[PDB]
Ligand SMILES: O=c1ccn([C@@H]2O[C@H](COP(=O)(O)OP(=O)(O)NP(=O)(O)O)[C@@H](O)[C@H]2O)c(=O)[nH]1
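The chain below stands alone and is given as structure tokens, in the form deposited without this ligand.
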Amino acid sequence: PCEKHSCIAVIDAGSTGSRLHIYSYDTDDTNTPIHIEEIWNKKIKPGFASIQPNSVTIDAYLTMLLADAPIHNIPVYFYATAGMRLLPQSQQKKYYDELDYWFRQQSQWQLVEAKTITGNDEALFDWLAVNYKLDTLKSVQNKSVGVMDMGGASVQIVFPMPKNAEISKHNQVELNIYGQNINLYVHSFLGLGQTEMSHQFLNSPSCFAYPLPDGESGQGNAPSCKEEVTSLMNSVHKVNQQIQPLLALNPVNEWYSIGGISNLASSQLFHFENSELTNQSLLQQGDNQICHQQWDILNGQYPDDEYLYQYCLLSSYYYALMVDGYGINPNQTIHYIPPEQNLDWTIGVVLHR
């Protein structure tokens, strides 16, 4: 198969698990990949950064991830993301040394790289991934496309912006693709992802329908929870100050999101059309459907939904981030990609080595 066409394997080593993707593709007259297709996909648990960094454990792990794969003898890119970013460099190294050692003990995979990518790298790949699926990279874009990734541990935002010397180089990326020259602002906020974020608001009664950990009760009210969360976004990470002045000067024509927001907006408790939403509505539906409901009655109506308990918080969190953080209007359309299309950022690795 990978004799007539190019293939690569990309491993997303995320906090909850590692996901192998194998892609085929051809290459157009600009030396850019086209007709990119995923031909093998496999996830295992737990996350790489949570296991013991010795040869016996990593061999098991990698063997479990790769042993059943039907395509051998291709290049492999090992990219770990937020979960490894929480470890200090010296813990990390222990993992990469064993990894380097495992790959040298065999010849079916050709390791090209193994590293922890930054959130700014991840944000670049998010952008490419989404635009590739929209088919807006080939054409000379008259419309500005912004991408927001609501991840477990970090959140990413990315949008067109011409080079700006007042602003750090780690926040900017120049690339040339399908013969076009592109300049993008990229920012990642480590610690503002929804898993990590949630840990500062578990005993906030505004954010739940609900037995809290301190034994108090839920008494949900979405606008209150928005303000709690907004404290973290803006008093701590200073999202407003870094992002709003840049969007005002470089406005975006269309917003896309990926990550958890796709899963929330397409659940049974929410109703949106055309795979898009607005903030005022998201916040409203959360407030009426979750925040002001009786937990007993709403849990009874959907046992076996293990995420429904958080939908008051996440509603309020998305609104805080997008509206009070990034400064977007509450009535602005935000498109979200549907879970079933399985778009993820790893496809951007294919486009940008």
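Residue positions are given as counts along the sequence shown, with the first one as 1.
- Counting the unmodelled positions of the deposited sequence between residue 209 and residue 210 gives a small gap of 1 to 3 residues.
- Of the two segments, 245 to 253 and 277 to 285, the one listed with the higher mean B-factor is 277 to 285 (C-alpha atoms only).
- Higher mean CA temperature factor between 80 to 88 and 102 to 110: 102 to 110, per the PDB entry.
- The maximum CA B-factor among the listed residues 305, 68, 59, 37, taken from the PDB record, is found at 305.
- The PDB entry assigns the greatest CA B-factor among 41, 32, 52, 310 to 310.
- Among all modelled residues in this chain, the alpha-carbon of residue 174 has a temperature factor (C-alpha) in the middle third.
- In the PDB entry, a CA B factor belonging to the lowest third of its chain's modelled residues is recorded for residue 47.
- Ranked within its chain, residue 220 lands in the highest third, by CA B factor from the PDB record.
- Residue 185: CA B factor lies in the lowest third for its chain, per the PDB record.
- Ranked within its chain, residue 2 lands in the highest third, by CA B factor from the PDB record.
Heads up, the form solved in complex with this ligand isn't pictured, but that's what we're talking about next.
- Backbone and C-beta atoms of the displayed form are kept clear of this ligand by more than 2.4 Å after its pose in the deposited complex is superimposed, which defines the site as open.
- Of the residues 119, 260, 220, 146, just one reaches this ligand in the deposited complex with a heavy atom at 4.5 Å or closer; this is 260.
- Of the candidate stretches 90 to 98, 222 to 230, 151 to 159, 273 to 281, only 151 to 159 has residues whose heavy atoms lie within 4.5 Å of this ligand in the deposited complex.
- Contact annotation: residue 43 falls within 4.5 Å of this ligand in the deposited complex, judged by heavy atom distances.
- Although the partner is absent here, residue 329 lies well away from this ligand in the deposited complex, with no heavy atom inside 4.5 Å.
- Interface residue remark: residue 333 is not counted as part of the site for this ligand in the deposited complex, having no heavy atom within 4.5 Å.
- With a 4.5 Å cutoff on heavy atoms, residue 82 counts as touching this ligand in the deposited complex.
- Seen as two rigid parts moving between this form and the one not shown, the chain puts residue 96 and residue 258 on opposite sides of the split.
- Note: residue 30-residue 143 Cα separation is 3 Å or more longer in the deposited complex than here.
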